[PDB]
$ cat structure-v8.txt   # compact mmCIF, C-alpha atoms
# COMPACT_ATOMS: atom_id res chain seq x y z
CA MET A 1 -16.96 -96.05 137.55
CA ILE A 2 -16.56 -97.81 134.21
CA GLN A 3 -16.73 -95.80 130.99
CA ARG A 4 -17.75 -97.49 127.74
CA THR A 5 -16.23 -96.93 124.29
CA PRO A 6 -18.10 -95.61 121.20
CA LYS A 7 -18.91 -97.89 118.26
CA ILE A 8 -18.98 -96.02 114.94
CA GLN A 9 -20.71 -96.61 111.61
CA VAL A 10 -20.55 -94.31 108.58
CA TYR A 11 -23.13 -94.75 105.83
CA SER A 12 -25.86 -93.15 103.72
CA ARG A 13 -29.63 -93.06 104.23
CA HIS A 14 -30.18 -94.30 100.67
CA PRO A 15 -27.88 -96.23 98.32
CA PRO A 16 -25.11 -93.88 97.11
CA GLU A 17 -25.34 -92.48 93.58
CA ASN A 18 -23.11 -89.76 92.12
CA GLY A 19 -25.02 -86.52 91.59
CA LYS A 20 -28.05 -87.65 93.58
CA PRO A 21 -28.99 -85.90 96.86
CA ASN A 22 -28.77 -88.11 99.95
CA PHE A 23 -28.07 -88.12 103.69
CA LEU A 24 -24.71 -88.90 105.30
CA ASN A 25 -25.17 -90.79 108.56
CA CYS A 26 -22.90 -91.39 111.53
CA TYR A 27 -24.25 -93.87 114.06
CA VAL A 28 -22.50 -94.00 117.44
CA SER A 29 -23.48 -96.46 120.18
CA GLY A 30 -22.39 -98.63 123.10
CA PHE A 31 -20.74 -95.69 124.83
CA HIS A 32 -20.92 -94.17 128.31
CA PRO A 33 -21.34 -91.48 129.44
CA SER A 34 -23.55 -89.63 126.96
CA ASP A 35 -21.28 -86.65 126.30
CA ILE A 36 -19.75 -87.17 122.86
CA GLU A 37 -18.32 -85.23 119.92
CA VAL A 38 -19.45 -86.27 116.45
CA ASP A 39 -18.60 -84.43 113.24
CA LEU A 40 -19.20 -85.24 109.59
CA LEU A 41 -16.26 -84.43 107.32
CA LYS A 42 -16.17 -83.46 103.65
CA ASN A 43 -12.55 -83.68 102.50
CA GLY A 44 -11.22 -83.34 106.04
CA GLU A 45 -13.33 -80.22 106.52
CA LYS A 46 -15.85 -79.90 109.35
CA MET A 47 -19.09 -80.28 107.42
CA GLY A 48 -22.17 -78.13 106.80
CA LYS A 49 -24.89 -78.31 109.44
CA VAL A 50 -25.23 -81.67 111.17
CA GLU A 51 -28.24 -82.73 113.23
CA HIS A 52 -28.59 -85.64 115.65
CA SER A 53 -31.34 -87.81 117.11
CA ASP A 54 -32.56 -87.41 120.69
CA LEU A 55 -30.42 -89.06 123.37
CA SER A 56 -31.48 -92.68 123.93
CA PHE A 57 -29.98 -95.80 125.52
CA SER A 58 -30.06 -99.58 125.03
CA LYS A 59 -30.95 -102.54 127.24
CA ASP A 60 -27.47 -102.47 128.77
CA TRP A 61 -27.67 -98.73 129.51
CA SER A 62 -25.25 -97.72 126.73
CA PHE A 63 -26.18 -94.59 124.76
CA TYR A 64 -26.76 -94.28 121.02
CA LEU A 65 -27.09 -91.28 118.70
CA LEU A 66 -27.54 -90.74 114.97
CA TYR A 67 -25.69 -87.79 113.47
CA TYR A 68 -26.91 -86.97 109.97
CA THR A 69 -26.60 -84.24 107.36
CA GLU A 70 -27.51 -83.57 103.74
CA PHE A 71 -24.86 -84.46 101.16
CA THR A 72 -24.42 -85.36 97.50
CA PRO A 73 -21.99 -88.27 96.94
CA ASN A 74 -19.33 -87.08 94.50
CA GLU A 75 -16.59 -88.91 92.61
CA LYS A 76 -13.77 -86.59 93.69
CA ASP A 77 -15.13 -86.12 97.22
CA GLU A 78 -14.25 -88.02 100.39
CA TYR A 79 -16.47 -88.22 103.47
CA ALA A 80 -15.76 -89.38 107.01
CA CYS A 81 -16.99 -89.24 110.59
CA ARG A 82 -14.88 -87.81 113.40
CA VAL A 83 -15.80 -89.00 116.89
CA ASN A 84 -14.42 -87.96 120.26
CA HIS A 85 -15.27 -89.43 123.66
CA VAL A 86 -13.62 -89.46 127.09
CA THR A 87 -12.72 -93.13 126.57
CA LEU A 88 -10.70 -92.36 123.43
CA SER A 89 -7.02 -91.38 123.30
CA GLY A 90 -7.98 -88.68 120.83
CA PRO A 91 -10.49 -88.07 118.03
CA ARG A 92 -11.10 -91.18 115.93
CA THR A 93 -11.85 -90.85 112.22
CA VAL A 94 -13.80 -93.39 110.18
CA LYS A 95 -13.84 -92.97 106.40
CA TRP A 96 -17.11 -93.51 104.55
CA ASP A 97 -16.93 -96.64 102.40
CA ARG A 98 -19.55 -96.79 99.65
CA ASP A 99 -19.74 -100.55 100.28
CA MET A 100 -20.00 -100.55 104.08
CA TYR B 1 -48.46 -91.89 128.09
CA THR B 2 -45.97 -90.71 130.74
CA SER B 3 -45.73 -91.97 134.34
CA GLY B 4 -45.91 -89.60 137.32
CA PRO B 5 -42.65 -88.20 138.77
CA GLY B 6 -42.94 -90.68 141.63
CA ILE B 7 -40.68 -90.64 144.68
CA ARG B 8 -37.09 -89.38 144.81
CA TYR B 9 -34.13 -91.76 145.01
CA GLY C 1 -47.78 -110.00 117.67
CA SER C 2 -46.32 -108.20 120.67
CA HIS C 3 -46.10 -104.42 121.01
CA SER C 4 -44.48 -102.14 123.57
CA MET C 5 -44.28 -98.61 124.91
CA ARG C 6 -40.98 -97.48 126.43
CA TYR C 7 -39.65 -94.34 128.07
CA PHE C 8 -35.97 -93.51 128.57
CA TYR C 9 -34.96 -90.94 131.18
CA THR C 10 -31.42 -89.60 131.49
CA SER C 11 -30.37 -87.43 134.44
CA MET C 12 -26.90 -85.90 134.20
CA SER C 13 -25.11 -83.81 136.79
CA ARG C 14 -22.43 -81.63 135.22
CA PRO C 15 -19.96 -79.41 137.09
CA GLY C 16 -18.34 -77.05 137.12
CA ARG C 17 -21.56 -75.09 137.55
CA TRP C 18 -24.00 -76.08 134.79
CA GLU C 19 -27.42 -77.04 136.16
CA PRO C 20 -28.09 -80.80 135.93
CA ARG C 21 -29.76 -81.94 132.70
CA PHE C 22 -32.78 -84.17 132.11
CA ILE C 23 -33.56 -85.79 128.76
CA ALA C 24 -36.61 -87.96 128.08
CA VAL C 25 -37.59 -90.06 125.07
CA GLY C 26 -40.63 -92.21 124.30
CA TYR C 27 -40.99 -95.15 121.93
CA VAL C 28 -43.77 -97.35 120.59
CA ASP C 29 -42.04 -100.50 119.37
CA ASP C 30 -39.16 -99.17 117.26
CA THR C 31 -40.76 -95.77 116.66
CA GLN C 32 -40.00 -92.72 118.78
CA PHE C 33 -43.02 -90.48 119.38
CA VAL C 34 -42.09 -87.92 122.05
CA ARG C 35 -39.10 -85.93 123.27
CA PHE C 36 -38.05 -83.67 126.14
CA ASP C 37 -34.83 -81.82 126.90
CA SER C 38 -34.36 -79.54 129.91
CA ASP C 39 -31.78 -77.67 127.83
CA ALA C 40 -34.04 -76.97 124.83
CA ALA C 41 -35.94 -73.68 124.56
CA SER C 42 -39.38 -75.28 124.17
CA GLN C 43 -39.61 -76.53 127.77
CA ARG C 44 -42.42 -78.87 126.73
CA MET C 45 -42.89 -82.47 125.61
CA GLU C 46 -42.58 -82.34 121.82
CA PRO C 47 -44.07 -84.79 119.28
CA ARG C 48 -41.64 -86.85 117.21
CA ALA C 49 -44.25 -88.91 115.38
CA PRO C 50 -47.23 -87.77 113.28
CA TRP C 51 -49.82 -89.92 115.08
CA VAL C 52 -49.38 -88.19 118.45
CA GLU C 53 -49.45 -84.70 116.94
CA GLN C 54 -53.23 -85.11 116.77
CA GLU C 55 -53.56 -84.80 120.55
CA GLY C 56 -55.34 -82.21 122.69
CA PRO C 57 -53.54 -79.38 124.52
CA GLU C 58 -54.54 -81.04 127.78
CA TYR C 59 -52.46 -84.08 126.83
CA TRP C 60 -49.30 -82.07 126.19
CA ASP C 61 -50.03 -80.04 129.32
CA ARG C 62 -49.81 -83.12 131.54
CA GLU C 63 -46.84 -84.62 129.71
CA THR C 64 -45.06 -81.30 130.19
CA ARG C 65 -45.89 -81.16 133.90
CA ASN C 66 -44.34 -84.59 134.40
CA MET C 67 -41.17 -83.66 132.51
CA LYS C 68 -40.77 -80.49 134.57
CA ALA C 69 -41.36 -82.46 137.77
CA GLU C 70 -38.73 -84.98 136.67
CA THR C 71 -36.41 -82.08 135.86
CA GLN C 72 -36.83 -80.54 139.32
CA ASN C 73 -36.28 -83.86 141.09
CA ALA C 74 -33.18 -84.65 139.02
CA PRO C 75 -30.73 -82.46 140.99
CA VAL C 76 -31.91 -83.94 144.30
CA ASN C 77 -31.76 -87.50 142.95
CA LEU C 78 -28.20 -86.99 141.74
CA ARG C 79 -27.35 -85.34 145.05
CA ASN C 80 -28.88 -88.24 146.97
CA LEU C 81 -26.97 -91.02 145.18
CA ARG C 82 -23.83 -88.91 145.40
CA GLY C 83 -24.29 -89.25 149.15
CA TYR C 84 -24.90 -93.00 149.20
CA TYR C 85 -21.57 -93.55 147.44
CA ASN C 86 -19.64 -90.89 149.37
CA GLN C 87 -18.81 -89.34 146.01
CA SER C 88 -17.48 -85.81 145.72
CA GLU C 89 -19.80 -82.94 144.82
CA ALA C 90 -17.34 -82.12 142.05
CA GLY C 91 -17.75 -84.99 139.59
CA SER C 92 -20.29 -85.87 136.90
CA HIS C 93 -22.77 -88.75 137.21
CA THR C 94 -25.79 -90.23 135.45
CA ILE C 95 -29.10 -91.75 136.49
CA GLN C 96 -31.00 -93.61 133.78
CA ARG C 97 -34.57 -94.89 133.97
CA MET C 98 -36.50 -97.25 131.73
CA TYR C 99 -40.13 -98.19 132.22
CA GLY C 100 -43.03 -99.29 130.04
CA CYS C 101 -45.39 -102.10 129.11
CA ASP C 102 -45.43 -105.07 126.76
CA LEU C 103 -48.77 -105.83 125.11
CA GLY C 104 -49.41 -109.49 124.36
CA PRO C 105 -51.40 -111.01 121.46
CA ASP C 106 -54.18 -111.55 124.01
CA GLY C 107 -54.45 -107.82 124.61
CA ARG C 108 -53.39 -107.98 128.25
CA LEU C 109 -50.18 -106.98 130.06
CA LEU C 110 -47.44 -109.33 128.83
CA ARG C 111 -44.65 -107.73 130.88
CA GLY C 112 -43.91 -104.53 132.80
CA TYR C 113 -40.73 -102.60 133.51
CA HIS C 114 -39.25 -100.01 135.85
CA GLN C 115 -35.48 -100.18 136.21
CA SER C 116 -32.84 -97.57 136.97
CA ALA C 117 -29.08 -97.36 136.56
CA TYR C 118 -26.34 -95.31 138.19
CA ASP C 119 -23.42 -94.51 135.90
CA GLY C 120 -24.30 -97.34 133.53
CA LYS C 121 -24.68 -100.09 136.12
CA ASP C 122 -27.92 -101.70 137.29
CA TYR C 123 -29.08 -99.76 140.35
CA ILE C 124 -32.61 -100.75 141.32
CA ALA C 125 -35.36 -102.57 139.43
CA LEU C 126 -38.99 -103.62 139.78
CA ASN C 127 -39.36 -107.39 139.62
CA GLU C 128 -41.60 -109.19 137.13
CA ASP C 129 -44.29 -109.54 139.80
CA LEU C 130 -44.50 -105.74 139.91
CA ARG C 131 -44.74 -106.15 143.69
CA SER C 132 -41.11 -106.14 144.82
CA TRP C 133 -37.75 -104.49 144.16
CA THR C 134 -34.22 -105.72 143.43
CA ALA C 135 -31.48 -103.44 144.73
CA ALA C 136 -27.95 -103.83 143.35
CA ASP C 137 -26.26 -102.87 146.62
CA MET C 138 -26.69 -101.38 150.10
CA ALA C 139 -26.80 -97.97 148.42
CA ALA C 140 -29.75 -98.80 146.19
CA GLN C 141 -31.44 -100.22 149.29
CA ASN C 142 -31.54 -96.65 150.58
CA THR C 143 -33.76 -95.95 147.58
CA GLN C 144 -35.64 -99.22 148.07
CA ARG C 145 -36.43 -98.25 151.66
CA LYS C 146 -37.90 -95.01 150.29
CA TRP C 147 -39.99 -96.52 147.49
CA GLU C 148 -41.33 -99.21 149.82
CA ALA C 149 -42.52 -96.69 152.42
CA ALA C 150 -44.37 -94.75 149.72
CA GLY C 151 -45.79 -97.97 148.29
CA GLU C 152 -44.30 -97.19 144.89
CA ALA C 153 -44.25 -100.86 143.86
CA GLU C 154 -48.01 -100.80 143.53
CA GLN C 155 -49.04 -97.51 141.92
CA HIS C 156 -46.59 -98.37 139.17
CA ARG C 157 -48.27 -101.73 138.71
CA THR C 158 -51.51 -99.77 138.45
CA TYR C 159 -49.99 -97.58 135.75
CA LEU C 160 -48.43 -100.50 133.86
CA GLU C 161 -51.68 -102.48 133.91
CA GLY C 162 -53.86 -99.53 133.07
CA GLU C 163 -52.58 -96.40 131.47
CA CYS C 164 -49.45 -97.75 129.90
CA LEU C 165 -51.69 -100.29 128.35
CA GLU C 166 -54.62 -98.26 127.25
CA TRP C 167 -52.47 -95.56 125.73
CA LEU C 168 -50.24 -98.06 123.95
CA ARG C 169 -53.37 -99.45 122.32
CA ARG C 170 -54.40 -95.88 121.53
CA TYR C 171 -51.13 -94.96 119.83
CA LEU C 172 -51.26 -98.28 117.98
CA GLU C 173 -54.71 -97.53 116.56
CA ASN C 174 -53.96 -93.96 115.48
CA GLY C 175 -50.64 -94.91 113.88
CA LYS C 176 -52.05 -98.25 112.69
CA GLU C 177 -51.18 -97.64 109.03
CA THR C 178 -47.46 -97.47 109.87
CA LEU C 179 -46.91 -98.87 113.37
CA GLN C 180 -48.63 -102.12 112.39
CA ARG C 181 -47.20 -102.29 108.88
CA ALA C 182 -44.07 -104.34 108.24
CA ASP C 183 -41.71 -102.98 105.60
CA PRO C 184 -39.80 -105.93 104.09
CA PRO C 185 -36.04 -105.48 103.56
CA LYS C 186 -34.51 -104.67 100.18
CA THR C 187 -31.58 -107.06 99.74
CA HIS C 188 -28.42 -107.53 97.67
CA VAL C 189 -24.90 -108.97 97.89
CA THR C 190 -21.46 -107.42 97.41
CA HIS C 191 -18.03 -109.00 96.95
CA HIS C 192 -14.56 -107.71 97.88
CA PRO C 193 -11.21 -109.53 97.56
CA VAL C 194 -9.22 -109.81 100.79
CA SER C 195 -6.21 -111.72 99.47
CA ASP C 196 -5.61 -114.32 96.76
CA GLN C 197 -6.90 -117.33 98.71
CA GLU C 198 -9.80 -115.44 100.29
CA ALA C 199 -12.59 -112.94 99.63
CA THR C 200 -15.41 -111.20 101.51
CA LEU C 201 -19.11 -111.72 100.78
CA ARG C 202 -21.47 -109.13 102.26
CA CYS C 203 -25.24 -109.56 102.52
CA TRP C 204 -27.27 -106.34 102.65
CA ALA C 205 -30.64 -105.60 104.26
CA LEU C 206 -32.00 -102.09 103.72
CA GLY C 207 -35.03 -99.99 104.63
CA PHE C 208 -36.82 -102.58 106.76
CA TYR C 209 -39.15 -102.27 109.76
CA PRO C 210 -39.30 -103.30 112.46
CA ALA C 211 -35.63 -103.63 113.45
CA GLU C 212 -35.94 -107.31 114.35
CA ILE C 213 -34.15 -109.25 111.62
CA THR C 214 -31.94 -112.29 111.09
CA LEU C 215 -29.03 -112.58 108.65
CA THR C 216 -27.08 -115.81 108.22
CA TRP C 217 -24.59 -117.13 105.67
CA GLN C 218 -24.86 -120.81 104.77
CA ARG C 219 -22.58 -123.38 103.15
CA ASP C 220 -23.61 -127.00 102.61
CA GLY C 221 -26.81 -126.06 104.43
CA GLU C 222 -24.79 -125.04 107.49
CA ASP C 223 -24.45 -121.69 109.28
CA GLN C 224 -21.03 -120.03 109.32
CA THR C 225 -21.47 -118.73 112.86
CA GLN C 226 -18.02 -117.63 114.06
CA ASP C 227 -17.00 -116.68 110.51
CA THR C 228 -19.91 -114.29 110.03
CA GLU C 229 -19.47 -110.66 111.05
CA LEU C 230 -22.86 -109.23 112.01
CA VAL C 231 -22.91 -105.45 112.39
CA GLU C 232 -25.26 -103.82 114.87
CA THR C 233 -28.61 -102.97 113.27
CA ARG C 234 -28.59 -99.26 112.43
CA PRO C 235 -31.19 -96.56 111.68
CA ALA C 236 -31.54 -95.48 108.04
CA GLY C 237 -32.67 -92.03 109.15
CA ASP C 238 -36.09 -92.24 107.52
CA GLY C 239 -37.61 -94.45 110.22
CA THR C 240 -36.40 -97.76 108.81
CA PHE C 241 -33.25 -99.77 109.57
CA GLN C 242 -30.21 -101.32 107.90
CA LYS C 243 -27.93 -104.29 108.57
CA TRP C 244 -25.39 -106.53 106.85
CA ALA C 245 -23.51 -109.78 107.41
CA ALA C 246 -20.06 -110.58 106.05
CA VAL C 247 -18.20 -113.87 105.73
CA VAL C 248 -14.68 -114.54 104.47
CA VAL C 249 -14.60 -117.31 101.88
CA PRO C 250 -12.05 -119.03 99.59
CA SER C 251 -11.88 -117.41 96.15
CA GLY C 252 -13.58 -119.23 93.28
CA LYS C 253 -15.87 -121.26 95.53
CA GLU C 254 -18.08 -118.21 96.12
CA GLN C 255 -21.21 -120.04 94.99
CA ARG C 256 -21.22 -122.55 97.86
CA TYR C 257 -22.45 -119.74 100.11
CA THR C 258 -26.04 -118.48 100.31
CA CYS C 259 -27.35 -115.64 102.48
CA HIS C 260 -30.59 -116.16 104.40
CA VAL C 261 -32.65 -113.06 105.25
CA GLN C 262 -35.48 -113.39 107.77
CA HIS C 263 -37.99 -110.61 108.48
CA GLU C 264 -41.64 -110.50 109.53
CA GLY C 265 -42.39 -108.55 106.35
CA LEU C 266 -41.49 -111.55 104.20
CA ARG C 267 -43.67 -114.61 103.59
CA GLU C 268 -40.72 -116.88 102.86
CA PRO C 269 -37.20 -116.15 104.14
CA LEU C 270 -35.15 -114.42 101.45
CA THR C 271 -32.36 -116.39 99.74
CA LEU C 272 -29.61 -114.87 97.61
CA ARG C 273 -26.04 -115.24 96.35
CA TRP C 274 -23.37 -113.07 94.73
CA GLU C 275 -24.27 -112.03 91.18
CA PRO C 276 -21.18 -110.80 89.25
$ encode --input "structure-v8.txt" --output "structure tokens"
Amino acid sequence: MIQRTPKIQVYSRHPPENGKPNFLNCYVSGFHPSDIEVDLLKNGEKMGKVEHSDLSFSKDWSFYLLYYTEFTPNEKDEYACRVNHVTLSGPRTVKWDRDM
Amino acid sequence: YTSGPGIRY
Amino acid sequence: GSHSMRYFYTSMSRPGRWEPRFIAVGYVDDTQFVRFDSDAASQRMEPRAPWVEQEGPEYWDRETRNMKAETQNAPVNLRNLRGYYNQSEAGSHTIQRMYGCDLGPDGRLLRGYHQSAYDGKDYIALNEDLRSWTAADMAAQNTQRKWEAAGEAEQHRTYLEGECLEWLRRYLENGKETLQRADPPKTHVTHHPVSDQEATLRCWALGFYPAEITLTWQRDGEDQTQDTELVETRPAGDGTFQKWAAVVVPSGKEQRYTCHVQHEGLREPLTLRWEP
């Protein structure tokens, strides 16, 4: 059986603005099977209380999930998404870029 | 709405 | 234009000893409206959109029955396919199912679906005539033999041509003010230097609905196909979507590139460039 790798995107619900409440999003897709570990990170620290959308798949049977949590973009703060899946050597971390 | 459980595989 | 109702079933076996799991999700176009999860406490089909919340208890009673029936069949289904492939009763596997209807501008059935997958590969699927099946291998033909004897081909055509269609229209009317509204994308452009001879131009599309959109970078009235990096369209989290397109261009000559945004919420396609 073939197992598909997870595509990761880290971004915010609304345009980022220091001091303004927002949502930090981590979108994972194109992976198989559905079991996956997704964590939002504030300064390397496992972060607050993250929720995720209901399991769904695409036309090609690959799964996608949206992991989101409440956050306030700060100057001194760094955010990132940590994803783990059977197809990965180990956890993969994607830093949040305010322009991607 | 939903479709009946149908037949097993 | 064209609308659609879709359901997505996922059946997972999961040793060591955890009971198999069944998750179900329903969509109208790009909007989810129902959910079920054999693991959740509820044990019922829950609303995930406002316009279905206004439905009788009898509605949710039936929807729940179906989900429970699907949940009870799941273990046997997984156990059956595990047999067709001589697979060990020790490993994990997945059965996915997608069915639903497409509603044409004429108001009649544009297209119907009922296709399944085993471990991410096409397993068995109803043809476009809704009268025959296409099995991926001699294993799926074990299933085909079953569904043919029970005359499942028809009796799903009946659903697709009737219920799927009448309820799709129903959902569409009740959620009219959103489901049939097109939110145009908010757009802008960003610029990042790669090296001294090159730079990256990124075209943004935010908060649009539905997901269908087209982003292209142009130079001399020509599309920069294999130079444009299009990222998968992603959910904003509020119901809308986001997407961008990047192209690497020689520094200085930034202005020879224009981004073209196309969305059904716009009257004319959107045209923009980098504004320092």
$ closest_atom_pairs --input "structure-v8.txt" --of "chain A" --to "chain C" --cutoff "12 Å" --atoms "all atoms listed in the file" --output "JSON lines"
{"residue": "A:1", "atom": "CA", "partner": "C:119", "partner_atom": "CA", "distance": 6.8}
{"residue": "A:2", "atom": "CA", "partner": "C:120", "partner_atom": "CA", "distance": 7.8}
{"residue": "A:3", "atom": "CA", "partner": "C:120", "partner_atom": "CA", "distance": 8.1}
{"residue": "A:4", "atom": "CA", "partner": "C:120", "partner_atom": "CA", "distance": 8.7}
{"residue": "A:7", "atom": "CA", "partner": "C:232", "partner_atom": "CA", "distance": 9.3}
{"residue": "A:8", "atom": "CA", "partner": "C:232", "partner_atom": "CA", "distance": 10.0}
{"residue": "A:9", "atom": "CA", "partner": "C:234", "partner_atom": "CA", "distance": 8.4}
{"residue": "A:10", "atom": "CA", "partner": "C:234", "partner_atom": "CA", "distance": 10.2}
{"residue": "A:11", "atom": "CA", "partner": "C:236", "partner_atom": "CA", "distance": 8.7}
{"residue": "A:12", "atom": "CA", "partner": "C:236", "partner_atom": "CA", "distance": 7.5}
{"residue": "A:13", "atom": "CA", "partner": "C:236", "partner_atom": "CA", "distance": 4.9}
{"residue": "A:14", "atom": "CA", "partner": "C:236", "partner_atom": "CA", "distance": 7.6}
{"residue": "A:15", "atom": "CA", "partner": "C:206", "partner_atom": "CA", "distance": 9.0}
{"residue": "A:22", "atom": "CA", "partner": "C:237", "partner_atom": "CA", "distance": 10.7}
{"residue": "A:23", "atom": "CA", "partner": "C:237", "partner_atom": "CA", "distance": 8.1}
{"residue": "A:24", "atom": "CA", "partner": "C:237", "partner_atom": "CA", "distance": 9.4}
{"residue": "A:25", "atom": "CA", "partner": "C:237", "partner_atom": "CA", "distance": 7.6}
{"residue": "A:26", "atom": "CA", "partner": "C:234", "partner_atom": "CA", "distance": 9.8}
{"residue": "A:27", "atom": "CA", "partner": "C:234", "partner_atom": "CA", "distance": 7.1}
{"residue": "A:28", "atom": "CA", "partner": "C:234", "partner_atom": "CA", "distance": 9.5}
{"residue": "A:29", "atom": "CA", "partner": "C:232", "partner_atom": "CA", "distance": 9.2}
{"residue": "A:30", "atom": "CA", "partner": "C:232", "partner_atom": "CA", "distance": 10.1}
{"residue": "A:31", "atom": "CA", "partner": "C:120", "partner_atom": "CA", "distance": 9.5}
{"residue": "A:32", "atom": "CA", "partner": "C:120", "partner_atom": "CA", "distance": 7.0}
{"residue": "A:33", "atom": "CA", "partner": "C:119", "partner_atom": "CA", "distance": 7.4}
{"residue": "A:34", "atom": "CA", "partner": "C:94", "partner_atom": "CA", "distance": 8.8}
{"residue": "A:35", "atom": "CA", "partner": "C:12", "partner_atom": "CA", "distance": 9.7}
{"residue": "A:51", "atom": "CA", "partner": "C:237", "partner_atom": "CA", "distance": 11.1}
{"residue": "A:52", "atom": "CA", "partner": "C:237", "partner_atom": "CA", "distance": 10.0}
{"residue": "A:53", "atom": "CA", "partner": "C:237", "partner_atom": "CA", "distance": 9.1}
{"residue": "A:54", "atom": "CA", "partner": "C:25", "partner_atom": "CA", "distance": 7.2}
{"residue": "A:55", "atom": "CA", "partner": "C:23", "partner_atom": "CA", "distance": 7.0}
{"residue": "A:56", "atom": "CA", "partner": "C:8", "partner_atom": "CA", "distance": 6.5}
{"residue": "A:57", "atom": "CA", "partner": "C:8", "partner_atom": "CA", "distance": 7.1}
{"residue": "A:58", "atom": "CA", "partner": "C:8", "partner_atom": "CA", "distance": 9.2}
{"residue": "A:59", "atom": "CA", "partner": "C:98", "partner_atom": "CA", "distance": 8.9}
{"residue": "A:60", "atom": "CA", "partner": "C:120", "partner_atom": "CA", "distance": 7.7}
{"residue": "A:61", "atom": "CA", "partner": "C:120", "partner_atom": "CA", "distance": 5.4}
{"residue": "A:62", "atom": "CA", "partner": "C:120", "partner_atom": "CA", "distance": 6.9}
{"residue": "A:63", "atom": "CA", "partner": "C:120", "partner_atom": "CA", "distance": 9.4}
{"residue": "A:64", "atom": "CA", "partner": "C:234", "partner_atom": "CA", "distance": 10.1}
{"residue": "A:65", "atom": "CA", "partner": "C:235", "partner_atom": "CA", "distance": 9.7}
{"residue": "A:66", "atom": "CA", "partner": "C:235", "partner_atom": "CA", "distance": 7.6}
{"residue": "A:67", "atom": "CA", "partner": "C:237", "partner_atom": "CA", "distance": 9.2}
{"residue": "A:68", "atom": "CA", "partner": "C:237", "partner_atom": "CA", "distance": 7.7}
{"residue": "A:69", "atom": "CA", "partner": "C:237", "partner_atom": "CA", "distance": 10.0}
{"residue": "A:70", "atom": "CA", "partner": "C:237", "partner_atom": "CA", "distance": 11.3}
{"residue": "A:98", "atom": "CA", "partner": "C:190", "partner_atom": "CA", "distance": 11.0}
{"residue": "A:99", "atom": "CA", "partner": "C:190", "partner_atom": "CA", "distance": 7.6}
{"residue": "A:100", "atom": "CA", "partner": "C:244", "partner_atom": "CA", "distance": 8.5}
$ residues_around --input "structure-v8.txt" --residues "range 215-224 of chain C" --least-positions-apart "3" --cutoff "6 Å" --atoms "only C-alpha atoms" --output "PyMOL selection string"
chain C and resi 227-228+256-261
$ closest_residue --input "structure-v8.txt" --among "C:213, C:165, C:160, C:194" --to "residue 4 in chain B" --atoms "all atoms listed in the file"
C:160
$ residues_around --input "structure-v8.txt" --residues "residue 245 in chain C" --least-positions-apart "4" --cutoff "6 Å" --atoms "only C-alpha atoms" --output "ChimeraX atom specification"
/C:202-203,229-230
$ residues_near_point --input "structure-v8.txt" --point "(-22.8, -82.7, 100.8)" --cutoff "10 Å" --atoms "only C-alpha atoms" --output "ChimeraX atom specification"
/A:21-24,40-42,47-49,69-74,77,79
$ residues_around --input "structure-v8.txt" --residues "residue 166 in chain C" --least-positions-apart "4" --cutoff "10 Å" --atoms "all atoms listed in the file" --output "PDB file with C-alpha atoms, in the frame of the given file"
ATOM      1  CA  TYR B   1     -48.460 -91.890 128.090  1.00  0.00           C
TER       2      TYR B   1
ATOM      3  CA  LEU C 103     -48.770-105.830 125.110  1.00  0.00           C
ATOM      4  CA  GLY C 107     -54.450-107.820 124.610  1.00  0.00           C
ATOM      5  CA  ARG C 108     -53.390-107.980 128.250  1.00  0.00           C
ATOM      6  CA  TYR C 159     -49.990 -97.580 135.750  1.00  0.00           C
ATOM      7  CA  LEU C 160     -48.430-100.500 133.860  1.00  0.00           C
ATOM      8  CA  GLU C 161     -51.680-102.480 133.910  1.00  0.00           C
ATOM      9  CA  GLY C 162     -53.860 -99.530 133.070  1.00  0.00           C
ATOM     10  CA  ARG C 170     -54.400 -95.880 121.530  1.00  0.00           C
ATOM     11  CA  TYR C 171     -51.130 -94.960 119.830  1.00  0.00           C
ATOM     12  CA  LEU C 172     -51.260 -98.280 117.980  1.00  0.00           C
TER      13      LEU C 172
END
$ closest_residue --input "structure-v8.txt" --among "C:139, C:164, C:109, C:90" --to "chain B" --atoms "all atoms listed in the file"
C:164
$ residues_around --input "structure-v8.txt" --residues "residue 9 in chain B" --least-positions-apart "6" --cutoff "9 Å" --atoms "all atoms listed in the file" --output "PyMOL selection string"
chain C and resi 76-78+80-81+140+142-144+146-147
$ atom_distance --input "structure-v8.txt" --atom1 "CA of residue 85 in chain A" --atom2 "CA of residue 114 in chain C"
28.9 Å
$ atom_distance --input "structure-v8.txt" --atom1 "CA of residue 58 in chain C" --atom2 "CA of residue 113 in chain C"
26.2 Å
$ residues_around --input "structure-v8.txt" --residues "residue 3 in chain B" --least-positions-apart "3" --cutoff "9 Å" --atoms "all atoms listed in the file" --output "count of residues only"
10
$ residues_near_point --input "structure-v8.txt" --point "(-39.3, -100.0, 107.8)" --cutoff "8 Å" --atoms "only C-alpha atoms" --output "list in words"
residues 182, 183, 184, 185, 207, 208, 209, 210, 211, 239, 240 and 241 of chain C
$ atom_distance --input "structure-v8.txt" --atom1 "CA of residue 5 in chain C" --atom2 "CA of residue 102 in chain C"
6.8 Å
